[PDB]
Amino acid sequence: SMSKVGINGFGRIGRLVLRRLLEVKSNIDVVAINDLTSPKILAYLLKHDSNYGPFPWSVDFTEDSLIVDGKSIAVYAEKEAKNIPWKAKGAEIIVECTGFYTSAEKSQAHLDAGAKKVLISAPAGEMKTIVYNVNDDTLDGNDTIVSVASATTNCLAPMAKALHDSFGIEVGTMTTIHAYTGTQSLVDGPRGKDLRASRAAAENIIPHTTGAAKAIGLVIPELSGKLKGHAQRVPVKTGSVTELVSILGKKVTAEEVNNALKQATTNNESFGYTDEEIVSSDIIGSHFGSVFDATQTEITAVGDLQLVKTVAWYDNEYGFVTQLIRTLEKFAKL
Amino acid sequence: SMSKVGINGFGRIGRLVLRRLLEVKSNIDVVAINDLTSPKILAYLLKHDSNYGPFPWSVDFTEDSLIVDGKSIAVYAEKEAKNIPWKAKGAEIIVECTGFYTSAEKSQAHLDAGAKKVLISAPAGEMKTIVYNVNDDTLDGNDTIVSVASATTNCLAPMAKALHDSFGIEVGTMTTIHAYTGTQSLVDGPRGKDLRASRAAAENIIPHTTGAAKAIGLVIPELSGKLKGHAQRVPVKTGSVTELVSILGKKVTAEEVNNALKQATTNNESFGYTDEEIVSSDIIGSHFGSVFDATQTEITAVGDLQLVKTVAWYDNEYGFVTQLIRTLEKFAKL
Amino acid sequence: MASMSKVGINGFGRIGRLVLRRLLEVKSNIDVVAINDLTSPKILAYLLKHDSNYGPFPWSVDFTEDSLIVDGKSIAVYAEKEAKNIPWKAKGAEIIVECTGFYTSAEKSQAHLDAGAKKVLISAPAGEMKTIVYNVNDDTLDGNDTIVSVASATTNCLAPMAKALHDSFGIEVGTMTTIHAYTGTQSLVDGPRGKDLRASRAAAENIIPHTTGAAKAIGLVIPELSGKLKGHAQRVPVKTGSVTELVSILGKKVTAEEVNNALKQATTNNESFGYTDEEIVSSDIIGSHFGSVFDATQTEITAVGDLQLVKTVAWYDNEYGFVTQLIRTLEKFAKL
Amino acid sequence: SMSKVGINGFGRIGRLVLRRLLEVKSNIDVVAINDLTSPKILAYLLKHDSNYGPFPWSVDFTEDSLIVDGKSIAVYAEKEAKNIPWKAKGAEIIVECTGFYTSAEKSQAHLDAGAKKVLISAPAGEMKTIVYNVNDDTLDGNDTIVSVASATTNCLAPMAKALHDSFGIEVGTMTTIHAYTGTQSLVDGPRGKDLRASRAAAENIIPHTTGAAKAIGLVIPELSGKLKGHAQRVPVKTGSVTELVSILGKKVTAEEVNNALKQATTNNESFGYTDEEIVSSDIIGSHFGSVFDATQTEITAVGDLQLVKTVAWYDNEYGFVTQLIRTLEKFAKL
Ligand SMILES: NC(=O)c1ccc[n+]([C@@H]2O[C@H](COP(=O)([O-])OP(=O)(O)OC[C@H]3O[C@@H](n4cnc5c(N)ncnc54)[C@H](O)[C@@H]3O)[C@@H](O)[C@H]2O)c1
Ligand SMILES: NC(=O)c1ccc[n+]([C@@H]2O[C@H](COP(=O)([O-])OP(=O)(O)OC[C@H]3O[C@@H](n4cnc5c(N)ncnc54)[C@H](O)[C@@H]3O)[C@@H](O)[C@H]2O)c1
Ligand SMILES: NC(=O)c1ccc[n+]([C@@H]2O[C@H](COP(=O)([O-])OP(=O)(O)OC[C@H]3O[C@@H](n4cnc5c(N)ncnc54)[C@H](O)[C@@H]3O)[C@@H](O)[C@H]2O)c1
Ligand SMILES: NC(=O)c1ccc[n+]([C@@H]2O[C@H](COP(=O)([O-])OP(=O)(O)OC[C@H]3O[C@@H](n4cnc5c(N)ncnc54)[C@H](O)[C@@H]3O)[C@@H](O)[C@H]2O)c1
């Protein structure tokens, strides 16, 4: 099975990819990293993390490498993926975490550069898109470029799946109250064409567009076109929550909904359950993609008109990274 | 007619009440303030405000009074309202902003203590409850204890009223993404029996119960029992947003919902409109109770089914206070 | 073989909860048998399990109507606002870790001895009493001590830096400023907070000057420096992790390398006082197992003629870092 | 008298420059703005400010300009200053606020492009560097490129000047506890070569080099080489404080220090005084470059040895901008 990985974009996601691989003692070896900076800066960022603390393994660097837990990782600095010399250390699967290659057309450049497969850490149009433990059985040996969608997708999908499977989702809308991320702004100023994204992220509630509900059909085909939603980006550094308001195909109670969700999270490494009164910092470092929270379930009904609100936590950094790695490990073995 | 007011609880809401009364050059006369502390400390807090900056008028104090814009205000420190000596300076209407007297039974104390009327800055059970420019016409000459509900109620109600009047609301659910408040905790520690309220407010997304939707029937009786909702408390110091997901009585477009709401905000001092891409800091200092945001309107439709998401902003401190003062001015004259 | 001292914690707050965490983490021979606070087992269990700064508790937590069950061991829970009413004898708690902020003097903490405990270790400055910064002056403890202080997190950060400088070069005079994470003494929203006007102001929205005795009372820890230091704090919006700057006139003209080498030697094989030459920031100190970490990167010598100002800087996790010092002192104090 | 100005870099400082010019009714006209974006996004940014709230004047835009208070201001988007069409509108003095032209040789490009003078809103090496009400008497009719140093310089300088004039400073070191700015990072990631600048600014105390003290000699020639210092960047959006530890030329008391400072601030529009127990949010919107705070003065004396700690607040955005404008007004008339 494929064992050698390259990371393009050693950022919030990319660094945590490495951390998680070492944490679970994967047989996958990161042999090369591509970014835009020096091994020194990358080593500093890897060692020191504002959200997860000190790196649990040794970190050193040379003029062209990192040395992590005694093992050498090549560092390249090629801004165009086609130029990355992936063949030098035999990088087979590229974990694409820059945000700049979010299409099949763009990410195939890695193949041109000598890789064999690409797993994109973000939605990437209508390509094969996987939420582990929702539709990873759609992966096969001919899949060369795959997406794991967004963290919000990885949160929304398992909850939507469980509801759809148990009760039917006829139509629904999502709002995720989401930690700020690097696409936003530190101080008020231009941030491409999105006006809201220009505003100081740690000082505002900021409405934000997300494709998680719009594109749910890639992951749950029967919900294709049945969901919409958006985000409110807020001042927490990581840790996020997704609310879904649904018309279901059945009259339900809160307990019935909660029991169905509990069943779907039983023996499920991707999808956790809680009935404790947690808050967002309690999900930081979660090993799930999504944690359904039974305490926030709400059924609002007048006669036969019924709205169902269901809420799941997610650590948009590490929790999501756990999903990307489970997908990666399976990808490497097809 | 009644012109002399006392404020119980010179807190975030209590101090802004005075600021607003001065700002609009009210004929109402604040003659007394009760709290738990010295004039010195109350004077310091009035003068220097972390959210709204320097107090626009002069402030001084003596051992038992504040002197605000040259006028003397008596200061009392009675922790039981029934002991507050309101007859001394002839306080007739009490603006009750402590959070400790949120029922008719409890606020009866101010009347026993020699006041004539009480206006509670919070929900207070099944009593007359006023959102100005939604149901202020229900205020009556024999009312002696009334509520202005919560800021969230002042945000939700005019949006709900508009939608219901134009389209009918059949059922609906609310989530407010809401600035943290003094009911929460600075560091993790006991905060009565609300476990979530025990958690560090500026470092977490914190689900929180609110009655704004549940008790909406006090303000819009046709909507009794048709709404539920809750809050997510987040790390902004003031400025909040309310989302409502509704099943309406008619099929609609976004443009149609937005035009109805625009008409409802026309010449409406309590309820504003924007189609700008604002964020929470842009609402701080608002003179509305609610500002409907056309940019966030969302219609999700599958077949005969439709969900409608509408969103309004609110300064849960100053905005809400502008509503409290409109209600007080009218209350004072009946 | 092992000294098995029975401990009670008064005030199961930020510090009190981390005291239990840390004792379990190091597999201490101390048994915590009782906790007193102002609330229910249910609420203490919630707070112990979920921590905004340090994440999930590493052991199981449950509660009954009158106890916590932590990793399978029962800890009695009391809620007596007056320490004299705490039934410390019921489970044989002998050494009280006093972490409420309300008994910070010999006369006040006497209440624990009257209620049947034998010794009190106060998690804060407590006036003129034996005041210990571990690995600075813990040799001054003896069998006769019954009530002792570990001073502030700021003292635990200042003292080892000041000791090293004094021993190597002599400090003639100095002033400190700590840029310090906000704590529970401050305010969430603007509102009354005792008599400290500045403490009334929203802690997560302001730089707030704040008085601290860390420098003023340094003589309790390093007698040779009594009266030679002053300082204060600026409280700022980070949830934990703080930094202490000291500006000093030394007894000897120095270079930055010379100051850094001296401080390096002082941190060698020193479980309480760490060193760094990496470009760390406050979140890097969160969860530190040192009372203080000297930062060679911020050393600064300013010199004109024969006049020299030396600025030296140390990080500290004012929560967990300080707690590790508290525990080291607790373990010693319990054996005496 | 020159009165056409162009702003290069319409950022936090650039937009506040225009706000302050309008506020003081300057006879200077901003006729052009260069940035990297559209009029629509600049207009949005001008209108809505996370630190200072809504713009006090009307703001609109066309395809090629802003309309501010009914007056037209051209907008350009030239990355290289030598391409900026300053002559089109006859922009005479360029207020240089991008941070990319902080040297005589770099800001020369504006003069090559047709402007007559340049005021750089930052330290710009060994050039004339003005703190208004400290050394603005050094400006003359022959000057073409000048600096107003940093906000920290505008804070430090007036306090250093009062101390030195009254007592002599023999040596000193500064620490500014300073609001985070746009040179820092929102999430941990590369920010050129400065390792500490890579770290999430709203979640850390971050040491930071600054030359405010190092280069004080350009402003107070007698202190040249007598001061060092640095910054701790912390999570407040604006509003900063500067501490100075000095060895003075005589023995002093705290009362004596504070009276000397009170005196230096009397009828001084650039330099204020306080003995109120203020916090950083209270300095936001200050019309001073610096506000000396008598409550934080501390004298540490051991026989002949004495350390004097003096402290001054500054709004590093708006307050500094008031100083920049004062200097601009004078620069325009020589
Ligand atoms: N942060 C989150 O919550 C989150 C969650 C799920 C998915 N994602 C997705 O993961 C991707 C990365 O997100 P992030 O938060 O880690 O962003 P980030 O900005 O932290 O990291 C991006 C990294 O890529 C580097 N980079 C940029 N352009 C490059 C290029 N052309 N070549 C090589 N390197 C380049 C940057 O230097 C940086 O290290 C994005 O697609 C994002 O949508 C983010
Ligand atoms: N902050 C908001 O967003 C908001 C908005 C709408 C309504 N409200 C409501 O207004 C009320 C006050 O809220 P706040 O945010 O101003 O609270 P706050 O904590 O800022 O103020 C409460 C004030 O009352 C004083 N106080 C407490 N108990 C007292 C007593 N027994 N007698 C006299 N004084 C006492 C306190 O010292 C404080 O000054 C509450 O009912 C709250 O729900 C708050
Ligand atoms: N950075 C820090 O937080 C820090 C560092 C070093 C020392 N300290 C000191 O440790 C002590 C506690 O600090 P903290 O941050 O944990 O405070 P905290 O408020 O989080 O905890 C105090 C705890 O004491 C309980 N309590 C209050 N009064 C009580 C009483 N009369 N009886 C029983 N329980 C009572 C509270 O309910 C709370 O659980 C203080 O003396 C403080 O100065 C704090
Ligand atoms: N923010 C403060 O506290 C502060 C205080 C004093 C001085 N300054 C200085 O003032 C200057 C501006 O700082 P700021 O905080 O406003 O930064 P900012 O990042 O908010 O603004 C920079 C602006 O310049 C634009 N820009 C960048 N490169 C450009 C180019 N090549 N051509 C045209 N426009 C370009 C950006 O789009 C942006 O609008 C800097 O030199 C800074 O050191 C800042």
Side-chain angles (χ1 to χ4, degrees), chain C residues 171-177 179-181 190 196-209 215 227-232 234-239 241-243 245-249 278-285 295 297-298 300-305 307-311 313 315, chain D residues 169-175 177-179 188 194-207 213 225-230 232-237 239-241 243 245-247 276-283 293 295-296 298-309 311 313:
Chain C
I171 298 177
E172 307 280 3
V173 62
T175 183
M176 175 209 74
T177 291
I179 301 79
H180 193 299
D190 284 4
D196 182 328
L197 292 184
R198 273 165 165 156
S200 82
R201 300 304 292 286
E205 310 300 327
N206 289 287
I207 303 165
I208 305 181
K228 294 192 161 183
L229 309 185
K230 295 188 177 175
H232 82 158
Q234 303 286 3
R235 291 287 180 99
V236 305
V238 291
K239 70 201 180 151
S242 299
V243 65
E245 310 190 350
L246 168 71
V247 181
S248 288
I249 296 167
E278 300 184 347
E279 309 265 295
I280 63 165
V281 297
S282 64
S283 63
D284 301 323
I285 211 68
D295 183 354
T297 71
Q298 300 180 66
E300 174 195 78
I301 313 310
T302 308
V304 188
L307 303 174
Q308 164 193 270
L309 291 178
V310 173
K311 183 182 285 165
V313 183
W315 298 96
Chain D
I169 301 170
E170 291 173 340
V171 66
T173 182
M174 169 204 77
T175 290
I177 296 92
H178 191 302
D188 282 2
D194 176 338
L195 294 177
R196 278 168 161 152
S198 75
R199 304 294 298 284
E203 313 295 329
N204 289 289
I205 302 166
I206 302 179
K226 294 191 191 320
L227 308 182
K228 292 189 187 184
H230 83 322
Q232 302 281 9
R233 295 292 185 90
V234 303
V236 296
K237 66 201 187 162
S240 302
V241 67
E243 306 186 348
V245 176
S246 293
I247 295 180
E276 299 179 351
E277 299 267 344
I278 66 170
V279 300
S280 64
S281 69
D282 301 321
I283 210 61
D293 179 0
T295 73
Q296 295 183 70
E298 174 205 80
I299 317 296
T300 308
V302 179
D304 302 338
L305 306 172
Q306 179 186 264
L307 302 164
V308 174
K309 181 181 294 174
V311 186
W313 298 94

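All heavy atoms count here, side chains included; hydrogens, waters and symmetry mates do not. Residue numbers begin at 1 in each chain, while the letters A, B, ... track the order of the sequences.
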Undergrad: Is a side-chain donor-acceptor pair under 3.5 Å present for D/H230 with C/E300?
TA: no
Undergrad: Measure across D/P207 and C/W315 and return the closest heavy-atom pair with its distance rounded to 0.1 Å.
TA: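 Taking D/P207 first and C/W315 second, the nearest heavy atoms are CG-CZ2, 3.7 Å.
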Undergrad: Among the options C/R235, C/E278, C/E245, pick out the one with the most heavy-atom pairs lying under 4.5 Å from chain D.
TA: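 So the answer, after comparing C/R235, C/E278, C/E245, is C/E245.
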Undergrad: Name the member of D/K226, D/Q306, D/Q296 that forms the most heavy-atom pairs with chain C at distances under 4.5 Å.
TA: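 The residue among D/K226, D/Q306, D/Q296 with the greatest pair count is D/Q296.
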Undergrad: Could you look at D/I299 and say if it's the side chain, the backbone, both or neither that has a heavy atom under 4.5 Å from chain C?
TA: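 Contact with chain C: backbone only.
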Undergrad: At a 4.5 Å cut-off on heavy atoms, which part of C/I208 comes close to chain D: side chain, backbone, both, or neither?
TA: both
Undergrad: Any idea which heavy atoms bring D/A201 and D/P235 closest together, and the distance?
TA: O-CG, 3.6 Å
Undergrad: Can you tell which part of C/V247 gets under 4.5 Å to a heavy atom of chain D, answering side chain, backbone, both or neither?
TA: both
Undergrad: Identify which part of D/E170 has an atom lying under 4.5 Å from any heavy atom of chain C, answering side chain, backbone, both or neither.
TA: both
Undergrad: Under 4.5 Å, counting heavy-atom pairs only, tell me which of C/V173, C/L307, C/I285 racks up the most with chain D.
TA: C/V173
Undergrad: Does one side chain, of C/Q234 or D/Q232, offer a donor that lies under 3.5 Å from an acceptor on the other?
TA: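 No, no side-chain donor-acceptor contact under 3.5 Å.
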Undergrad: For the residue pair D/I177 and C/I207, what are the closest heavy atoms and their distance?
TA: O-CD1, 3.7 Å
Undergrad: Determine the sole option in D/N204, D/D194, D/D188 for which the side-chain hydrogen bond (donor to acceptor under 3.5 Å, both in side chains) test with D/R199 is passed.
TA: D/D188
Undergrad: What residue, out of D/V311, D/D282, D/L227, D/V241, has the most heavy-atom pairs lying under 4.5 Å from chain C?
TA: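 Counting heavy-atom pairs under 4.5 Å, the top option is D/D282.
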Undergrad: Less than 4.5 Å to any heavy atom of chain C: does that hold for the side chain of D/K309, its backbone, both, or neither?
TA: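 Side chain only.
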Undergrad: With a 4.5 Å cut-off on heavy-atom pairs, point out which of D/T295, D/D293, D/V236, D/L195 contacts chain C the most.
TA: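 If we count pairs closer than 4.5 Å to chain C, D/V236 comes out on top.
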Undergrad: Closest approach of D/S240 and D/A179, non-hydrogen atoms and distance?
TA: OG-N, 3.0 Å
